[PDB]
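A.B. asks: I have a structure here, written as structure tokens, and I will follow up with some questions on it.
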Amino acid sequence: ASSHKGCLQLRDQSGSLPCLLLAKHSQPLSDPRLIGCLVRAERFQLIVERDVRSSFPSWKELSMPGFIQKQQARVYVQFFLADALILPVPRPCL
Amino acid sequence: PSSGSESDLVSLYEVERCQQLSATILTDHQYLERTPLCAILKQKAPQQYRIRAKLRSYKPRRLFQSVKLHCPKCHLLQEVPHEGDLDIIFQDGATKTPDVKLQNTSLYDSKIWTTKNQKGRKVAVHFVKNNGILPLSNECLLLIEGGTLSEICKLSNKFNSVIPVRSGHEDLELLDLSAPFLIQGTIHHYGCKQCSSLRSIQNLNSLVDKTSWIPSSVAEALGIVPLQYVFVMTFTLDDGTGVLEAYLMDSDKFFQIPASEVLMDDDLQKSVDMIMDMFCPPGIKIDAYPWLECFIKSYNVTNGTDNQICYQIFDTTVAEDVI
Amino acid sequence: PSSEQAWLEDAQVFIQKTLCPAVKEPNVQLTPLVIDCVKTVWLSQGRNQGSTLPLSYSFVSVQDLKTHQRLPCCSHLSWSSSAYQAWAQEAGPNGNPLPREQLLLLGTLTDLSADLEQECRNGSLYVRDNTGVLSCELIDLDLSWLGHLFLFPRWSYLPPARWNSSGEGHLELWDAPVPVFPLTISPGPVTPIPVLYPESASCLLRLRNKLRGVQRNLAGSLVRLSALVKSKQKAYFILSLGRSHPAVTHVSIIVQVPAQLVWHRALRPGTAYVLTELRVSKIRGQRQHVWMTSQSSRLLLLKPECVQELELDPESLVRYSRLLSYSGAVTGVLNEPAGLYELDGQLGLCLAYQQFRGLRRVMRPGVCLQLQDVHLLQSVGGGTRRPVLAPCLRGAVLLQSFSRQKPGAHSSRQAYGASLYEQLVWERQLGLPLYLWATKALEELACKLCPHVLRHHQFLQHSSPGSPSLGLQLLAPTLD
Amino acid sequence: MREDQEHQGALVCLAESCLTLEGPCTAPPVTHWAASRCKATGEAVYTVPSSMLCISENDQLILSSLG
Ligand SMILES: [Zn+2]
């Protein structure tokens, strides 16, 4: 659970990826005990949200590229906790 | 800036006790309680502290600039000469004429050559003798005048250790302390001109022995203050509570790499580059930079009249498994 | 005293104390013997162009070496850096060599390990002096040398490895040892030994009933042999002799007495041998019987006057291994703790399905080897490109030559976790085309987690009831 | 004199075989940092005054006094 925005983030080498759990269909995740662990997920979905802000004059130009002004792209995942597996990193020690 | 305003938040540090494992261990003063960086800033200097941080950045990034020569007697760093400098020194010896009374003595004997095609360069070699007798190669101290840096280096890879010299009217003398006062295989020894008061080769008679040729011993005999090899760098130690810019200045402690040989051995250079790019991986966010625990001291400076308060690292080494 | 005389008196002290065996006084009569050995090998060069006594070289004990040294080192005894290079870089081009060092090694040679909890045979071999004991490896070994005391020429030491707990180096040898003890000429088997020839012997391997009268000895050319197999207590390895080849019959045999285990190191294929004082056994469910060694068995080489012959698919990817035998040189490593190697680069080479452990501490680029009866597979799993050899117990691995190349660097990313790959193979019993991928996976997980979120020797440790290995749990659902 | 001349000649052989007796000079091997420095030559090198690096022996004293 990240300090800046609360949003549950997945973090591993090279960076991070936001996520959106759900305990089970139509019920939310509910115990803090689950922060810290490893979750192995294989039946999941990957999303995007293109936030283009082009400036096309007419429908004609839609055939061309020379009118887009900006671009961004949210990206994140979502899955139930009936599918993924939780693994508790055994408290690291020598 | 649309995404810049968010990056200004997304790149922030996080807190002070994560899951991930430290990257450095302090060898001493482990009993010391962790002191937040902010708490330190609000206090006077000097003082000892034990902290945890992440290297937000480090200097110099161009890591071939991370080693220095240091003279302890006058505690003042010294830049390392270049090979071009050594060549500018040695070039003046290539044209010198050997003297007959400097050839064979009770202490050293010689052999001469004239290298062809090399503008008529003159070269002379002298072999120091133990108790009047030439010792085996592993203990054979050899002297050169007219040899180039590469030649004296390759020759020092073979003999015990070698001293560049020139024809002194009384006796052989170091041609220039800008050149090595002793080159020992991969180690070029340099001295502080401001603190040295050198002597001639005959003064090797002051040595306790003529077989070990300990660089310190021969330096003292030739009246030269040997310079120390050290790593020196400064690091941006971020803690979230605050960010601190300390100094590093040591020989073979933290890195566990010989600052004396790292310049001439490529494996060590690969190793140090790996270590620094591991503490500070290229490009990715400090969000993924590893924690670094260490022990630091604080002190005053006043080089600009007053304050210039500063911090230096001590008694800390990279963990074993993360090398 | 003179330089040569000082060298000689130093050698005198060294012999007396470091070398002179506890069984015999610090006898000075030994010193001329070793002096003659060093003189012989040194002057017989001619190229030495040296003093009568090689003053440049020096004397080093086992314990001395053990404490002091930790680099790889080569005593290419009595050779110049030119001749050294000519030998070292014959394993080239760019074969990163051992260093040339002027040391002399003198010691007793035995199979007996330094441990006395048992006999501790384990097919192991060792050098022993008054100071310490150290294990060794020896190409084209001669067993007669057991128990004898020698000078060792052209010898090399490999240091222990950072990852390794036992922290033991080992010796490698390039030429026969010279005994300090004067030539111990001894007689041989004059009488033609009564042995069963391979046809009658094999008929007996089928008809175990007829083992009477004809002496329980054997002879023939070694056609087939296993690697040295180990049970949890028993250790053994199987061999087979043929009258010729292609021959109608071959006589399979098993060595199994612990004291005899060392025998395994000596034999070589094709060469013809003689075995003695045997029986035939019926191992559990192994209906094709084999000859076996007794408390009194002995093994010997075969010689004409020394024998007395005695006669009474794209649609179904299930694909086939091609049995063969091969030789060459490895040229790299792809995963030392698991066991993958590149034979001349052209052909993949695993080694997992052996007991294997004995080969680890040797195997490195520039090693020359021979394989007998070894499966070859193609189009293997994990999308891997090259073909792959993969010895198995019914085969055996043989050294052609030690490598002049020194070992490479340590790095936790590469060096750890052998026990885990091994545990997979033997507890789960995968098939190689799945094992290749079951490597590439853990090689990708330890690229995310380790060392930062978790260190190798926590992640890859062999799973134990006291704790499951994360390097096993993560794979389990896909694997099982 | 055989041994003495042999020894002095070994020394002289090392020396002469190392000496460029004739012909032009040659380039020795160069390591990563050395070649990189040479390529970067023209760069102003990172450096720090020794004052900022604990020239204050008084602070050193009262520091070592601390427990
Ligand atoms: Zn100075």
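Just so we're on the same page: first chain in the structure tokens is A, next is B, and so on; residues restart at 1 for each chain, and ligands are numbered from 1 in the order they show up.
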Give the residues close to ligand 1, within 10 Å, counting only C-alpha atoms and all ligand atoms; write them as a PyMOL selection string.

C.D. replies: chain B and resi 70-78+191-196+225-227

A.B. asks: Could the residues of chain B within 12 Å of chain A, counting only C-alpha atoms, be given as an MDAnalysis selection string, please?

C.D. replies: chainID B and resid 1:4 6:22 240 278 281:290 321

A.B. asks: Each residue of chain C lying at most 10 Å from chain D should get a row with its shortest atom-to-atom pair and the distance in Å to one decimal, counting only C-alpha atoms; could you produce that, ordered by chain and increasing number, as JSON lines?

C.D. replies:
```
{"residue": "C:3", "atom": "CA", "partner": "D:3", "partner_atom": "CA", "distance": 9.6}
{"residue": "C:4", "atom": "CA", "partner": "D:3", "partner_atom": "CA", "distance": 9.7}
{"residue": "C:49", "atom": "CA", "partner": "D:6", "partner_atom": "CA", "distance": 9.1}
{"residue": "C:50", "atom": "CA", "partner": "D:6", "partner_atom": "CA", "distance": 8.1}
{"residue": "C:51", "atom": "CA", "partner": "D:3", "partner_atom": "CA", "distance": 7.0}
```

A.B. asks: What is the atom CA of residue B:233 to atom CA of residue D:28 distance in Å?

C.D. replies: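 Between these atoms lies a distance of 29.4 Å.
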
A.B. asks: Residues of chain C near chain A: apply a cut-off of 8 Å, count only C-alpha atoms, and supply the list as a PDB file with C-alpha atoms, in the first residue's frame.

C.D. replies:
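Saved result, iface-v1.pdb, follows:
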```
ATOM      1  CA  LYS C 448      12.862 -10.160 -10.316  1.00  0.00           C
ATOM      2  CA  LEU C 449      12.966 -10.928  -6.620  1.00  0.00           C
ATOM      3  CA  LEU C 454      14.987 -11.814  -1.089  1.00  0.00           C
ATOM      4  CA  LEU C 474       5.974 -20.591  -7.477  1.00  0.00           C
TER       5      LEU C 474
END
```

A.B. asks: Per residue of chain B within 7 Å of chain D, which atom pair is closest and at what distance in Å (one decimal), using only C-alpha atoms, listed by chain and increasing number, as JSON lines?

C.D. replies:
```
{"residue": "B:46", "atom": "CA", "partner": "D:59", "partner_atom": "CA", "distance": 6.0}
{"residue": "B:47", "atom": "CA", "partner": "D:63", "partner_atom": "CA", "distance": 6.4}
{"residue": "B:60", "atom": "CA", "partner": "D:46", "partner_atom": "CA", "distance": 6.4}
{"residue": "B:64", "atom": "CA", "partner": "D:33", "partner_atom": "CA", "distance": 5.0}
{"residue": "B:65", "atom": "CA", "partner": "D:46", "partner_atom": "CA", "distance": 6.4}
{"residue": "B:75", "atom": "CA", "partner": "D:50", "partner_atom": "CA", "distance": 6.9}
{"residue": "B:76", "atom": "CA", "partner": "D:50", "partner_atom": "CA", "distance": 5.3}
{"residue": "B:77", "atom": "CA", "partner": "D:50", "partner_atom": "CA", "distance": 6.3}
{"residue": "B:115", "atom": "CA", "partner": "D:21", "partner_atom": "CA", "distance": 4.6}
{"residue": "B:116", "atom": "CA", "partner": "D:22", "partner_atom": "CA", "distance": 4.5}
{"residue": "B:117", "atom": "CA", "partner": "D:23", "partner_atom": "CA", "distance": 5.4}
{"residue": "B:118", "atom": "CA", "partner": "D:24", "partner_atom": "CA", "distance": 6.2}
{"residue": "B:150", "atom": "CA", "partner": "D:28", "partner_atom": "CA", "distance": 6.5}
{"residue": "B:151", "atom": "CA", "partner": "D:18", "partner_atom": "CA", "distance": 6.4}
{"residue": "B:154", "atom": "CA", "partner": "D:18", "partner_atom": "CA", "distance": 6.7}
{"residue": "B:155", "atom": "CA", "partner": "D:18", "partner_atom": "CA", "distance": 6.0}
{"residue": "B:263", "atom": "CA", "partner": "D:33", "partner_atom": "CA", "distance": 6.9}
{"residue": "B:264", "atom": "CA", "partner": "D:31", "partner_atom": "CA", "distance": 6.7}
{"residue": "B:265", "atom": "CA", "partner": "D:31", "partner_atom": "CA", "distance": 6.8}
{"residue": "B:266", "atom": "CA", "partner": "D:31", "partner_atom": "CA", "distance": 5.3}
{"residue": "B:269", "atom": "CA", "partner": "D:33", "partner_atom": "CA", "distance": 6.8}
{"residue": "B:299", "atom": "CA", "partner": "D:59", "partner_atom": "CA", "distance": 6.0}
{"residue": "B:300", "atom": "CA", "partner": "D:56", "partner_atom": "CA", "distance": 6.9}
{"residue": "B:301", "atom": "CA", "partner": "D:52", "partner_atom": "CA", "distance": 5.5}
{"residue": "B:303", "atom": "CA", "partner": "D:51", "partner_atom": "CA", "distance": 6.4}
{"residue": "B:310", "atom": "CA", "partner": "D:52", "partner_atom": "CA", "distance": 6.2}
```

A.B. asks: Suppose we keep N, CA, C and O atoms; can you now write the selection as an mmCIF file, in the first residue's frame?

C.D. replies:
```cif
data_model
loop_
_atom_site.group_PDB
_atom_site.id
_atom_site.type_symbol
_atom_site.label_atom_id
_atom_site.label_comp_id
_atom_site.auth_asym_id
_atom_site.auth_seq_id
_atom_site.Cartn_x
_atom_site.Cartn_y
_atom_site.Cartn_z
ATOM 1 N N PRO B 46 30.219 19.175 15.409
ATOM 2 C CA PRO B 46 30.235 17.766 14.998
ATOM 3 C C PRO B 46 29.368 16.853 15.860
ATOM 4 O O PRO B 46 28.998 17.190 16.980
ATOM 5 N N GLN B 47 29.045 15.674 15.336
ATOM 6 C CA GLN B 47 28.268 14.671 16.050
ATOM 7 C C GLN B 47 28.263 13.395 15.223
ATOM 8 O O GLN B 47 28.385 13.438 13.995
ATOM 9 N N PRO B 60 31.348 11.493 -8.743
ATOM 10 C CA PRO B 60 31.068 11.759 -10.159
ATOM 11 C C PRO B 60 30.415 10.549 -10.810
ATOM 12 O O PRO B 60 30.754 9.411 -10.496
ATOM 13 N N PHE B 64 35.483 6.898 -13.692
ATOM 14 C CA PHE B 64 36.936 6.977 -13.770
ATOM 15 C C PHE B 64 37.484 8.172 -12.999
ATOM 16 O O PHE B 64 38.708 8.312 -12.896
ATOM 17 N N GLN B 65 36.614 9.022 -12.451
ATOM 18 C CA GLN B 65 37.010 10.175 -11.653
ATOM 19 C C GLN B 65 36.844 9.951 -10.154
ATOM 20 O O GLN B 65 36.844 10.924 -9.394
ATOM 21 N N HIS B 75 47.596 16.487 4.901
ATOM 22 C CA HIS B 75 46.149 16.214 4.664
ATOM 23 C C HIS B 75 45.657 17.108 3.527
ATOM 24 O O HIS B 75 45.000 18.132 3.791
ATOM 25 N N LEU B 76 45.978 16.747 2.288
ATOM 26 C CA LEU B 76 45.553 17.533 1.103
ATOM 27 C C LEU B 76 45.537 16.597 -0.102
ATOM 28 O O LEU B 76 46.604 16.051 -0.431
ATOM 29 N N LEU B 77 44.375 16.420 -0.730
ATOM 30 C CA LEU B 77 44.230 15.480 -1.872
ATOM 31 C C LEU B 77 45.167 15.884 -3.015
ATOM 32 O O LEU B 77 45.604 17.047 -3.029
ATOM 33 N N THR B 115 69.077 2.161 -28.288
ATOM 34 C CA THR B 115 67.967 1.647 -29.077
ATOM 35 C C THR B 115 67.961 2.303 -30.451
ATOM 36 O O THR B 115 67.964 3.533 -30.564
ATOM 37 N N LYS B 116 67.953 1.477 -31.494
ATOM 38 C CA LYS B 116 68.034 1.973 -32.860
ATOM 39 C C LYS B 116 66.667 2.426 -33.359
ATOM 40 O O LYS B 116 65.622 1.964 -32.888
ATOM 41 N N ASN B 117 66.687 3.360 -34.312
ATOM 42 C CA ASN B 117 65.487 3.849 -34.985
ATOM 43 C C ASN B 117 64.686 4.811 -34.114
ATOM 44 O O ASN B 117 63.920 5.629 -34.635
ATOM 45 N N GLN B 118 64.849 4.732 -32.798
ATOM 46 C CA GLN B 118 64.119 5.594 -31.870
ATOM 47 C C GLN B 118 64.851 6.915 -31.641
ATOM 48 O O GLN B 118 65.088 7.338 -30.510
ATOM 49 N N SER B 150 55.872 2.477 -20.540
ATOM 50 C CA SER B 150 55.444 1.116 -20.842
ATOM 51 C C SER B 150 56.576 0.127 -20.606
ATOM 52 O O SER B 150 56.356 -0.967 -20.074
ATOM 53 N N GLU B 151 57.799 0.499 -20.990
ATOM 54 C CA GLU B 151 58.932 -0.401 -20.815
ATOM 55 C C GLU B 151 59.241 -0.620 -19.341
ATOM 56 O O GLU B 151 59.464 -1.758 -18.913
ATOM 57 N N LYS B 154 56.439 -2.925 -17.938
ATOM 58 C CA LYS B 154 56.635 -4.321 -18.317
ATOM 59 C C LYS B 154 57.843 -4.924 -17.615
ATOM 60 O O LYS B 154 57.844 -6.118 -17.295
ATOM 61 N N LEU B 155 58.878 -4.119 -17.366
ATOM 62 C CA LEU B 155 60.052 -4.617 -16.660
ATOM 63 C C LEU B 155 59.766 -4.808 -15.176
ATOM 64 O O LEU B 155 60.331 -5.712 -14.550
ATOM 65 N N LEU B 263 42.975 1.294 -10.625
ATOM 66 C CA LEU B 263 43.229 2.052 -11.848
ATOM 67 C C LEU B 263 43.816 1.176 -12.947
ATOM 68 O O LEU B 263 43.570 1.426 -14.133
ATOM 69 N N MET B 264 44.582 0.150 -12.582
ATOM 70 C CA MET B 264 45.331 -0.635 -13.550
ATOM 71 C C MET B 264 44.727 -2.003 -13.828
ATOM 72 O O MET B 264 45.194 -2.689 -14.742
ATOM 73 N N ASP B 265 43.714 -2.417 -13.075
ATOM 74 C CA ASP B 265 43.079 -3.715 -13.247
ATOM 75 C C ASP B 265 41.634 -3.508 -13.677
ATOM 76 O O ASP B 265 40.875 -2.804 -13.002
ATOM 77 N N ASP B 266 41.258 -4.124 -14.799
ATOM 78 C CA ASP B 266 39.956 -3.846 -15.392
ATOM 79 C C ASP B 266 38.824 -4.561 -14.666
ATOM 80 O O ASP B 266 37.690 -4.064 -14.652
ATOM 81 N N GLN B 269 37.567 -2.425 -11.945
ATOM 82 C CA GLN B 269 36.800 -1.311 -12.488
ATOM 83 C C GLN B 269 35.391 -1.754 -12.846
ATOM 84 O O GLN B 269 34.413 -1.066 -12.521
ATOM 85 N N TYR B 299 30.743 17.597 10.985
ATOM 86 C CA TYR B 299 31.854 18.467 11.350
ATOM 87 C C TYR B 299 31.699 19.807 10.643
ATOM 88 O O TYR B 299 30.862 19.972 9.753
ATOM 89 N N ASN B 300 32.527 20.763 11.058
ATOM 90 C CA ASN B 300 32.562 22.103 10.491
ATOM 91 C C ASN B 300 33.688 22.209 9.464
ATOM 92 O O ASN B 300 34.536 21.323 9.343
ATOM 93 N N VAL B 301 33.688 23.311 8.712
ATOM 94 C CA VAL B 301 34.671 23.494 7.647
ATOM 95 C C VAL B 301 35.169 24.936 7.604
ATOM 96 O O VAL B 301 36.375 25.187 7.697
ATOM 97 N N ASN B 303 35.617 26.969 5.258
ATOM 98 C CA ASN B 303 36.532 27.336 4.180
ATOM 99 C C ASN B 303 36.088 28.621 3.493
ATOM 100 O O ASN B 303 36.924 29.365 2.967
ATOM 101 N N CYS B 310 29.657 19.982 6.954
ATOM 102 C CA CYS B 310 29.855 18.845 6.067
ATOM 103 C C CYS B 310 29.710 17.541 6.838
ATOM 104 O O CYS B 310 29.693 17.513 8.072
#
```
